[PDB]
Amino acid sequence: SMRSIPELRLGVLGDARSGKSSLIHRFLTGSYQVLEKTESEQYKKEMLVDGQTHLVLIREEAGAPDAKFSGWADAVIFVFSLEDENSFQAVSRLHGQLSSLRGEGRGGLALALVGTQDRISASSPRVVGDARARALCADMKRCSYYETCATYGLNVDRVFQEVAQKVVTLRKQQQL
C-alpha cells in the first residue's frame, strides 16, 4: 500500500537585507544568488528527518506576516543580517506581529533565529554580537540560533533540517 509522506510547513520572515531569500534559494538549489525576494512564491523539498521522508513546504513573507501565514506555519525561521542592526531589530517586530496573529490556541511554535554572514566585509563589519542574538533567541521561545554563510553553504542545510526535526519532535510529544 501507499504510505503517507507527512508535510511540515516552514515559514520564513525577515527584512530585505536579511538574506532570507538567498538562504532559502541556497537550501533548495545548492547555489548562491543575491536575492531580496525569492524567485518563486513557495517551495517544496522532500527530506529525510530522523530517517523518514517528509515533504517540507517553505514560504517566505515579503514583510509583515499575515493571518493566513500565521495559521499555516508549523515553524518559523527568522533571519537577519549580522552587519545590519535594523535587520536584527526587525526580527523583534516580526515576531510580535506573528504572535499576535497566531494566538495561544495552537500550542508551541518551533522557531529558528538565523544571522547571515554574507554581507559582512571590512567596510560593513559585523554589528550584532552573538550575545545579543542569543538573548533574543531565548526571548522568542522554542528557538535555536544559527549563523549561516549561503555563499558557500555554511550551516544552510542544518537550519532547515533541524527545524524540521523540531516540528516532528513537538508533534510526537503532543500526540502522547
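Quick note: we count residues from 1 along the sequence shown, nothing fancier.
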Check your understanding: For the stretches 48 to 56 and 112 to 120, which has the higher mean C-alpha B-factor as given in the deposited record?
Key -> 48 to 56
**Study point:** Higher-B stretch (mean Cα B-factor, as the entry records it), 22 to 30 or 38 to 46
**Key:** 38 to 46
Study note, to complete from the structure: Of the residues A73, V91, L82, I77, the one whose Cα carries the largest B-factor in the deposited record is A73
Review point. Considering only modelled residues of the same chain, in which third does the CA B-factor of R102 rank: lowest, middle or highest?
Key: middle
Revision key, fill the gap. Quick tally, chain-level thirds of C-alpha B-factors: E147 sits in the lowest
Revision key, fill the gap. By the entry's values, the third containing the CA B factor of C137 is the middle
Review point. Thinking about Cα B factors across the chain, which third does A64 belong to?
Key: middle
